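Colleague: Below is a structure I'd like to ask you about.
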Amino acid sequence: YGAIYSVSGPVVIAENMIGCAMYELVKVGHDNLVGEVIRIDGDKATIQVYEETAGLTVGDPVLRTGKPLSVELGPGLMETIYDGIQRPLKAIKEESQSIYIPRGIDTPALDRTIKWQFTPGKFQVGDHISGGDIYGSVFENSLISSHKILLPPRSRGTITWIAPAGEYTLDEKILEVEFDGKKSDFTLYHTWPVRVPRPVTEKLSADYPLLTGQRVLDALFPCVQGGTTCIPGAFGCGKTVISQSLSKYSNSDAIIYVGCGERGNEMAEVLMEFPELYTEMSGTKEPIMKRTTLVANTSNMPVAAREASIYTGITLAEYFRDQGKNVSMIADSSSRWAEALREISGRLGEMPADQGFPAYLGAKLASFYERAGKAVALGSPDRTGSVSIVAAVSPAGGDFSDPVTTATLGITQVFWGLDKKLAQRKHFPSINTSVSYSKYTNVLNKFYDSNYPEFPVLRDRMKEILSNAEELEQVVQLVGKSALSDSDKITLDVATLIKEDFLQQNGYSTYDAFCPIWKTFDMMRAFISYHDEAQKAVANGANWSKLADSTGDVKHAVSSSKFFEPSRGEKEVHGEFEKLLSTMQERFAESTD
Amino acid sequence: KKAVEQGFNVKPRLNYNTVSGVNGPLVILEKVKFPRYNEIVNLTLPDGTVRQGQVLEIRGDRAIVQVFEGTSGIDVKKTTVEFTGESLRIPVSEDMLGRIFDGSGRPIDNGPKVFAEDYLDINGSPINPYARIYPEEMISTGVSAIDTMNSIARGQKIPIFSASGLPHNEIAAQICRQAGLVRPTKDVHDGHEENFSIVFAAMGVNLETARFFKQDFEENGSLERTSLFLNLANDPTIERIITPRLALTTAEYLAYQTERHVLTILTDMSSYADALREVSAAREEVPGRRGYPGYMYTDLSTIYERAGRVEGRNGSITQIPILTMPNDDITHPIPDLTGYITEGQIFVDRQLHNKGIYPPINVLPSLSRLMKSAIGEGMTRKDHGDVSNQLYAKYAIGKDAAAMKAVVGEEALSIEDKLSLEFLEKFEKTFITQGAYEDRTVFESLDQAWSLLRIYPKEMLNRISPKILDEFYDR
Amino acid sequence: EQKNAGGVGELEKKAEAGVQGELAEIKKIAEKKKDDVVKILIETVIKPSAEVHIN
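Protein chains in written order, with the authors' numbering: chain A, 24 to 616; chain B, 13 to 487; chain J, 58 to 112.
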């Protein structure tokens with residue numbers, strides 16, 4: 024078909040290439056290098072080849088795929104590792120037995136050899152089918168019991184043939200639909216353009232919390248499955264616990280992890296830690312890899328792959344959302360993706376808008392984060408999925424002022440402010456309460472009043488007592504320790520107890536690896552009640568020092584409240600917390616005498 | 013079997029007396045057949061002088077050659093240029109150790125051309141993300157300023173930040189002459205099959221300094237383990253760009269094919285960045301921040317990531333790029349990108365150099381991002397990390413107490429500050445201060461750090477665990 | 058210093074011995090394989106390959 028005309032770095036011009044679309048990917052050269060069209064001049068199309076082009080010869084045929092950058096959606100993309108453009112790095116290594124990635128390799132994104140057990144759905148021959156309609160399910164792995172396969176959203180017609188129950192490979196056709204006479208064959212997989220958001224019937228308001236287990240962010244700065252989150256990706260801030268808690272203990276039915284441009288060492292650490300990370304349901308019996316697919320890109324990869332990493336990840340997340348599975352997408356570093364965009368723009372010579380970034384960076388981020396959210400999936404049956412994004416930001420200079428982090432903070436509703444100092448002092452998960460915030464607190468009021476009505480007032484009471492103690496720390500350093508009133512010292516001690524036994528969570532320990540929402544709420548009640556009882560008793564009673572020294576046993580009890588095993592059962596834990604509160608009330612009543 | 017029989021195939025390399033014109037360090041050829049991106053040429057001046065060059069741009073019958081060492085005297089009627097097969101490739105072999113090379117790979121000692129085992133592409137290849145492992149050992153540099161503190165892991169990319177007039181070259185030479193594995197010391201001289209090699213690259217290096225490097229490494233046992241590269245300032249600058257590529261190609265070959273532990277040292281990355289600026293401006297390219305090309309991040313990433321331990325192969329690459337701060341500022345693009353790519357850094361301080369202390373490593377602003385893996389029980393010695401932390405804390409306390417000396421007076425300081433001033437004096441005079449030809453093994457460095465840290469009573473050593481104090485304080 | 062200078066001849070003798078030991082093997086291998094290498098090179102040079110680089 025086409026032919027190479029001129030090459031200069033990553034950009035290639037192909038002559039007599041009439042009939043190619045805008046962003047249509049093509050197979051460049053005899054090596055069949057993949058490249059994306061970016062400009063058209065009659066028959067001459069400007070191609071942004073991904074890999075190195077030092078070997079291309081003017082005259083090499085270039086074949087147009089006919090489709091834009093599309094990810095292969097279907098069974099077999101779970102538990103797999105991909106690059107930005109969804110190349111099966113595991114299969115890449117196995118088929119070539121080479122240390123490095125072969126240039127121009129074209130291993131299918133989904134394993135074409137695996138035979139998948141397929142049970143057809145309620146749709147039958149002669150029925151009318153539209154995009155997103157489940158016409159069968161495939162048992163992918165032991166954790167994703169039913170991988171609902173979907174008709175592609177842009178396709179519709181009248182079903183004329185369905186493969187019966189059995190085992191099929193992804194190359195086998197299993198569905199024929201008729202639309203305007205022409206037949207269409209549908210296999211177990213379908214490709215979707217990566218940049219167009221995958222459509223839904225209706226996008227709802229995300230109101231169910233994204234329970235991660237980390238008590239500090241599950242209580243103080245909650246997130247909703249379908250919300251957007253921003254965390255600092257700086258070195259040593261302890262974002263590993265956040266990523267592992269979302270991929271290990273969250274409500275998500277699937278996990279999408281994307282490495283945009285992370286360094287090679289860190290990506291290696293991620294790729295070794297994730298396979299040896301096990302789930303929580305049914306008592307830690309399965310690997311989270313069965314629930315997680317990864318997009319991995321080291322420091323030096325095709326820049327287009329780094330730029331398209333997050334788009335591929337969010338497209339996979341949307342594909343699983345359309346099945347009714349609540350997914351959560353974790354971005355290794357949005358700053359690396361912004362750097363990839365900046366280098367792409369520099370290669371294209373576009374006008375630098377802000378600090379060298381393109382003018383559409385804010386729009387791109389806004390659209391990408393709006394791709395997330397709870398939504399009714401397209402087609403029948405009526406199932407609802409959700410995509411939540413936890414994107415990490417890591418400015419080069421750490422000033423937290425470059426436009427990418429400002430746009431992310433403006434768009435994302437919840438920000439979990441991991442801090443260097445807290446991690447230095449061995450305080451984990453090292454979330455800086457003073458700077459962190461969550462705008463989903465108002466939305467979650469419905470869920471709280473339905474489940475834990477007392478939760479919001481307890482949450483903002485803890486917020487204000489920690490803020491008061493934070494400011495009284497400066498007051499103390501200004502004047503002296505003795506200048507505090509009794510109530511001020513009550514606030515100080517309550518805040519210190521909170522920082523030691525509620526915000527701080529060991530994570531590796533069995534008792535606090537996963538703190539459920541009911542246990543979190545019970546600890547909310549315990550700590551807030553302790554503060555309120557101390558405040559009232561001192562206000563209408565004797566000096567604080569005697570009471571606190573005498574009531575140190577109750578303080579130790581509410582400290583050990585962190586040690587209550589959630590595995591004992593929610594009812595048992597709630598009853599034991601009620602016993603603890605009863606003994607607390609009785610013992611404070613005895614002390615105030 | 014070795015499938016190298018393709019080397020016997022002979023290809024027609026063409027000669028073109030068709031130079032249309034000369035423009036700066038570039039010559040342009042009109043009629044060159046079947047263009048592909050990059051090649052290597054050997055053009056001859058009308059007076060018979062053979063000159064080498066590279067290929068820059070490619071379009072329909074478009075070829076532009078960037079001649080090494082300029083284009084003086086090149087005419088359009090007599091000069092002829094010979095197009096070699098493909099791009100630059102270094103003749104690499106196991107016996108390359110002990111050889112000194114020019115920036116073009118041609119040996120400059122009295123030995124012959126290296127008897128090649130294979131011609132390796134200079135650019136390299138992208139390592140699969142599915143086949144990487146963490147650096148999990150220690151490289152002993154013999155410098156106590158870099159061993160006890162700022163320890164370098166076996167695979168860590170850690171730079172050395174210095175200024176124009178400071179003796180970074182001397183520290184590089186000392187590291188290269190003294191570098192080695194801690195294991196032979198730890199394994200009681202039983203481990204010898206874990207061979208260790210060094211690849212030293214000198215870029216923009218001054219003629220006297222290059223002579224110093226050559227003479228010093230020749231006059232010591234370092235050369236037998238060292239494959240050495242030089243590039244003079246008056247030498248062609250694209251040779252300066254080639255030099256780190258050659259050095260890392262040799263190091264990668266040795267470590268990941270001969271299963272050697274290779275320490276790579278790159279000298280004066282600032283000169284390499286200047287060469288980048290010159291070559292980027294050679295073509296009609298818009299300059300970037302501070303004049304440097306906009307893709308310098310990617311190039312430094314390519315150079316630096318050719319390091320570390322890999323899955324399967326038993327070798328390792330430890331990289332110590334050395335660069336000069338143009339204006340003693342972190343914000344300059346070269347140190348900024350080097351810190352953004354590498355792991356930690358080592359600071360050579362101007363004031364510490366003026367105060368007559370060598371080697372002048374400034375401990376406070378220098379950290380090793382992977383020091384934890386280099387520290388252990390079987391790895392180095394058990395007390396290593398705690399001693400390093402205690403030394404850092406005591407040095408910082410001594411430093412700010414010395415700063416306060418002129419504000420509150422000596423008598424207003426606590427016993428903490430008195431012992432800290434004494435510790436700082438003895439520290440910067442005996443521990444950091446190390447002879448240029450003095451090789452402290454890591455255990456000797458730890459023993460000196462203990463004898464110097466024994467100033468304080470065990471109560472005052474907060475940064476060290478009591479389990480270590482009950483073991484090492486009393487000797 | 059004199060004792061250090063005493064070993065100058067011994068070090069030179071050892072270096073010459075090692076050089077001769079390596080040179081013996083080098084010359085033996087060259088003598089054994091020169092005819093084969095020359096034949097291979099002559100066959101490669103005298104037998105050209107005709108092809109079109111369009112494909």
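Cβ coordinates follow ideal geometry from the N, Cα and C atoms, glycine included.
Name the chain B residues that come within less than 8 angstroms of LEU96/A, Cβ to Cβ?
Modeller: Start at 1 with the first residue of the first sequence, and residue 96/A comes out as number 73. None at all; the shortest Cβ gap to chain B is about 22 angstroms.
Colleague: Grouping DSSP H, G and I as helix and E and B as strand, with all else coil, what is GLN436/A?
Modeller: Along the first sequence, one-based indexing puts residue 436/A at 413. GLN436/A falls in the coil class under three-state DSSP.
Colleague: Give me the chain D residues within the contact set of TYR49/B, using Cβ-Cβ distance strictly less than 8 angstroms, ordered along the chain.
Modeller: The structure shown has no chain D; the protein chains it does contain are A, B and J.
Colleague: If we ignore side chains and look at the alpha-carbon of each, how far apart do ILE76/B and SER357/A end up?
Modeller: Translated into the one-based positions of the second sequence, residue 76/B becomes position 64. Translated into the one-based positions of the first sequence, residue 357/A becomes position 334. If you take the alpha carbons of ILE76/B and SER357/A, they lie about 39 angstroms apart.
Colleague: DSSP three-state call for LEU57/B: helix, strand or coil?
Modeller: Taking the second sequence and counting its residues from 1, the one referred to as residue 57/B is at position 45. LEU57/B: coil per DSSP, three-state reduction.
Colleague: Are the segment 128–147 of chain B and the segment 252–269 of chain B touching by the rule of at least three beta carbon pairs closer than 8 angstroms?
Modeller: Cβ pair count under 8 angstroms is three or more, so yes.
Colleague: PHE20/B versus chain J: which residues are under 9 angstroms apart at the beta carbon?
Modeller: Taking the first residue of the second sequence as 1, we reach residue 20/B at position 8. Ordered by position in chain J, the residues that pass the 9 angstroms Cβ test against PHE20/B are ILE97, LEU98, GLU100 and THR101.
Colleague: Note down, in chain order, every chain B residue with its Cβ under 8 angstroms from the Cβ of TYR123/A.
Modeller: Reading the first sequence from its first residue, position 100 is the one you call residue 123/A. Under the 8 angstroms cutoff, chain B gives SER137, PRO138, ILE139 and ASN140.
Colleague: Counting only Cβ-Cβ distances shorter than 9 angstroms, please list the residues of the segment 299–318 of chain B near chain A, keeping chain order.
Modeller: Correct list: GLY300, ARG301, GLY306, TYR307, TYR309, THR310, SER313, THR314, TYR316 and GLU317.
Colleague: Looking at the structure shown, is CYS253/A part of a helix, part of a strand, or coil, going by DSSP?
Modeller: For the purposes of this step, residue 253/A is taken as residue 230 along the first sequence, with counting starting at 1. Three-state result, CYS253/A: strand.
Colleague: Check the Cβ of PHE46/B against every Cβ in chain J and list those closer than 9 angstroms, keeping chain order.
Modeller: Along the second sequence, one-based indexing puts residue 46/B at 34. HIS110 and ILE111, listed in chain order.
Colleague: Runs of 4 residues minimum, wholly inside the segment 382–454 of chain B: which ones carry the alpha helix (DSSP H) assignment?
Modeller: You should have 383–386, 396–420 and 427–438.
Colleague: Does the Cβ of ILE41/A have 16 or more other Cβ atoms within 10 Å, making it buried, or fewer, making it exposed?
Modeller: On the first sequence, position 18 is the one that residue 41/A refers to. Exposed is the call here.
Colleague: Taking only three categories from DSSP, how would you classify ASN339/B?
Modeller: Here residue 339/B refers to the residue found at position 327 of the second sequence. Coil.
Colleague: Round the Cβ separation of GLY320/B and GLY167/B to the nearest angstrom and send it over; I've been treating them as touching at under 8 angstroms.
Modeller: Against the second sequence, residue 320/B aligns to sequence position 308. Against the second sequence, residue 167/B aligns to sequence position 155. Right, their Cβ atoms sit about 4 angstroms apart.
Colleague: Are the C-beta of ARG166/B and some C-beta of chain A separated by less than 8 angstroms?
Modeller: Indexing the second sequence from 1 puts residue 166/B at position 154. Closer than 8 angstroms: no.
Colleague: For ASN323/A, which residues in chain B fall below 7 angstroms Cβ to Cβ?
Modeller: Counted from its first residue, the first sequence places residue 323/A at position 300. The contacting residues are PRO138, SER313, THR314 and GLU317.
Colleague: Short of 8 angstroms in beta carbon distance, which residues of its chain neighbour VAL62/B, apart from the five on each side in sequence? Order them along the chain.
Modeller: The residue you call residue 62/B lines up with position 50 of the second sequence. Correct list, in chain order: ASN54, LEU55 and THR56.
Colleague: Taking the continuous alpha helix (DSSP H) assigned at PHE343/A, which residues delimit it?
Modeller: Counting from 1 along the first sequence, the entry for residue 343/A is found at position 320. 326–344 is the extent of the alpha helix (DSSP H) around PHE343/A.
Colleague: Note down, in chain order, all residues in the segment 65–80 of chain B with a beta-carbon under 7 angstroms from any beta-carbon belonging to chain A.
Modeller: For the segment 65–80 of chain B, which is checked against every Cβ of chain A, the residues closer than 7 angstroms are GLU69, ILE70, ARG71 and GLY72.
Colleague: On a CA-only basis, which of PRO478/B, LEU473/B and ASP459/B is nearest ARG487/B? Give me that one, please.
Modeller: Here residue 487/B refers to the residue found at position 475 when the second sequence is read from its first residue. Out of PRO478/B, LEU473/B and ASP459/B, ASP459/B has the C-alpha closest to the C-alpha of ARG487/B.
Colleague: Name the two residues that bound the continuous alpha helix (DSSP H) containing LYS444/A.
Modeller: As a position in the first sequence, residue 444/A is number 421, starting the count at 1. Start and end: 443–447.
Colleague: Helix, strand or coil for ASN474/A, going by three-state DSSP, please let me know.
Modeller: Here residue 474/A refers to the residue found at position 451 when the first sequence is read from its first residue. Three-state DSSP puts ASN474/A in a helix.
Colleague: What are the residues of the segment 250–274 of chain B that lie near chain A, defined by any Cβ-Cβ distance shorter than 9 angstroms?
Modeller: Answer set for the segment 250–274 of chain B: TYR268.
Colleague: Taking just the CA atoms, how far does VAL200/B sit from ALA214/B?
Modeller: For the purposes of this step, residue 214/B is identified with residue 202 of the second sequence, where counting begins at 1. For the purposes of this step, residue 200/B is identified with residue 188 of the second sequence, where counting begins at 1. Going from the Cα of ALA214/B to the Cα of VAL200/B covers about 35 angstroms.
Colleague: In angstroms with no decimal places, state the Cα-to-Cα distance between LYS169/B and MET383/B.
Modeller: In the second sequence, residue 169/B corresponds to position 157, counting from 1. In the second sequence, residue 383/B corresponds to position 371, counting from 1. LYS169/B and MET383/B: Cα-Cα distance of roughly 11 angstroms.
Colleague: Within a Cβ cutoff of 6 angstroms, which residues of the same chain sit near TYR342/A, ignoring the five residues on either side of it in sequence?
Modeller: As a first step, residue 342/A must be located in the first sequence, where it is residue number 319. These residues qualify, in order along the chain: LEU96.
Colleague: From what residue to what residue does the alpha helix (DSSP H) around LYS578/A run?
Modeller: Along the first sequence, read from residue 1 onward, the residue named residue 578/A stands at position 555. 575–583 is the span of the alpha helix (DSSP H), which, as asked, contains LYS578/A.
Colleague: Just to check my reading of the structure: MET352/A and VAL410/A have Cβ atoms closer than 8 angstroms, yes? What is that Cβ distance to the nearest angstrom?
Modeller: The residue you call residue 352/A lines up with position 329 of the first sequence. The residue you call residue 410/A lines up with position 387 of the first sequence. Sure, about 6 angstroms apart at Cβ, within 8 angstroms.
Colleague: Could you check which residue in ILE332/B, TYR316/B and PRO345/B has the C-alpha nearest to that of residue 507/B?
Modeller: Because chain B in this structure spans residues 13 to 487, residue 507/B falls outside the shown range and cannot be described.
Colleague: Roughly how many angstroms separate the alpha carbons of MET324/A and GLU148/B, rounded to a whole number?
Modeller: Against the first sequence, residue 324/A aligns to sequence position 301. Against the second sequence, residue 148/B aligns to sequence position 136. The straight-line gap from Cα to Cα measures roughly 25 angstroms.
Colleague: Rounded to the nearest angstrom, what separates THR276/B and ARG221/A at their Cα positions?
Modeller: In the second sequence, residue 276/B corresponds to position 264, counting from 1. In the first sequence, residue 221/A corresponds to position 198, counting from 1. Between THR276/B and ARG221/A, the C-alpha separation is close to 49 angstroms.
Colleague: Any beta-carbon of chain A closer than 8 angstroms to the one on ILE145/B?
Modeller: On the second sequence, residue 145/B is found 133 positions in, with the first residue counted as 1. By this cut-off, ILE145/B is an interface position.
Colleague: In terms of residue numbering, what span does the beta strand (DSSP E) encompassing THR136/A cover?
Modeller: The residue you call residue 136/A lines up with position 113 of the first sequence. No beta strand (DSSP E) holds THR136/A; DSSP gives it neither H nor E.
Colleague: Helix, strand or coil for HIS151/A per DSSP?
Modeller: Position 128 of the first sequence, counted from the start, is the residue given in the question as residue 151/A. Note: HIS151/A maps to strand in three-state DSSP.
Colleague: Between which residues of its own chain and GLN378/A is the CB-CB distance below 7 angstroms, once the five residues before and five after are set aside?
Modeller: If you number the first sequence from 1, residue 378/A lands on position 355. Excluding sequence neighbours, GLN378/A sits near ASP425 and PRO426.
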